[PDB]
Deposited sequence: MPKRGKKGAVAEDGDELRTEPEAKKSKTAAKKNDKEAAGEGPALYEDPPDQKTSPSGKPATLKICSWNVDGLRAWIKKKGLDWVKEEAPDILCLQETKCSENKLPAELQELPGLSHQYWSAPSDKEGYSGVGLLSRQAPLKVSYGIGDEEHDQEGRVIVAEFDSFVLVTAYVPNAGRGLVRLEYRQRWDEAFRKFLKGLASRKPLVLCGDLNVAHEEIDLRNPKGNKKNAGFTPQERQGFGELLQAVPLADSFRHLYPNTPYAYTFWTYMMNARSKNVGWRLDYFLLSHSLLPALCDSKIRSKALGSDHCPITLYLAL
């Protein structure tokens, strides 16, 4: 069944208006993504912070368009020394660091009232050849997140490469041995929520909404049929839940095999 995201809810349930818009997007190659008009969509979406995964592009090779972004001028990039992530912000963060204590997968940015983590979580791979590394990575990531020195609440966003529950992908049955839906990956996601702790922003708001996905394989015209997976998330500290206005899946923005996702927070 096709899906259409509900309209933007820009006011918190108590009634306070959204003041921060965060967008996260696995762009499947930043240079290709830009040529496919990805930046045009970002300008229309006008977020305060933009998080990119799978940039596939070192900093010296960033297209010039990216320094034509006056509303997203504080830019931070991290590539492995493939992969690669980026963080663009209207305002300067107080602190930026890379890694989880050069894989080019995690950027941590401290702002006034929260800490933003963007992550491109390692894929378990075809035939699950990298699953044990992913499980070991998951545990190190959890420890890093909880061990964060600040008492500020956390926003974790990006491509976490796991469909948490069956409702999060079109074909749960045929995929329980595929990357992104092993019991090992699903369990790691549950542990992240419990350990840190964190809430799945989109699911806290739409706990029973099926067919909402953020990735479709390029093969077999899967996106036309909305045969997809929900791999990209905004995960929120419990104390940020009153500030949560909405969590969006921008199904119609093309340019990658992932679509953008957008968080509205009332801070």
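J.: Unmodelled stretches of the deposited sequence, numbered from 1?
T.: No coordinates exist for the deposited residues in 1-42, 124-127, 148-152, so these stretches are absent from the model.
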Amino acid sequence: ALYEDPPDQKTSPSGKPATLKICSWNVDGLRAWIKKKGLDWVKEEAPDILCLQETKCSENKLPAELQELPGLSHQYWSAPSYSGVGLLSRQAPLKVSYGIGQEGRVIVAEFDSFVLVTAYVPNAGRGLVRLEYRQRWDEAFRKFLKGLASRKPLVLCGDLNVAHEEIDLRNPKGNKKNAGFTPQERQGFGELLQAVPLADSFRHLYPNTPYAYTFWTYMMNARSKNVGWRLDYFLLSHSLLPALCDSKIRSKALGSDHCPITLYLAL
From here on, numbers count along this sequence of modelled residues.
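J.: Please check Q102 against the other PDB entries of this protein that were compared: is it missing in at least a third of those that model both its neighbours?
T.: Yes, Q102 lacks coordinates in at least a third of the other compared entries that model both of its neighbours.
J.: Read off the CA B-factors in the entry, average them over 52-60 and over 227-235, and name the higher stretch.
T.: Stretch with the greater average CA B-factor: 52-60.
J.: Would you tell me which stretch averages the higher CA B-factor in the PDB entry, 12-20 or 250-258?
T.: Between 12-20 and 250-258, it is 12-20.
J.: Based on the PDB record, which member of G158, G86, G188, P93 exhibits the highest Cα temperature factor?
T.: By C-alpha B-factor in the record, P93 ranks first.
J.: Among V42, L198, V27, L69, where is the Cα temperature factor highest, going by the PDB entry?
T.: Of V42, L198, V27, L69, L69 has the highest C-alpha B-factor.
J.: Taking only the Cα B-factors deposited for this chain, tell me whether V117 sits in the lowest, middle or highest third.
T.: For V117, whose C-alpha B-factor we compare with every modelled residue in the chain, the answer is the lowest third.
J.: Sorting the chain's modelled residues by C-alpha B-factor, tell me whether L2 ends up in the lowest, middle or highest third.
T.: It belongs to the highest third of the chain when residues are ordered by C-alpha B-factor.
J.: In terms of the CA temperature factor given in the entry, to which third of its chain does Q102 belong: lowest, middle or highest?
T.: Its C-alpha B-factor belongs to the highest third of this chain's values.
J.: For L265, does the deposited CA B-factor place it in the lowest, middle or highest third of the chain?
T.: As the PDB entry reports it, the C-alpha B-factor of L265 lands in the middle third of its chain.
J.: Check where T182 lands among this chain's C-alpha B-factors and tell me if it's the lowest, middle or highest third.
T.: Middle third, going by the recorded CA B-factors of the chain.
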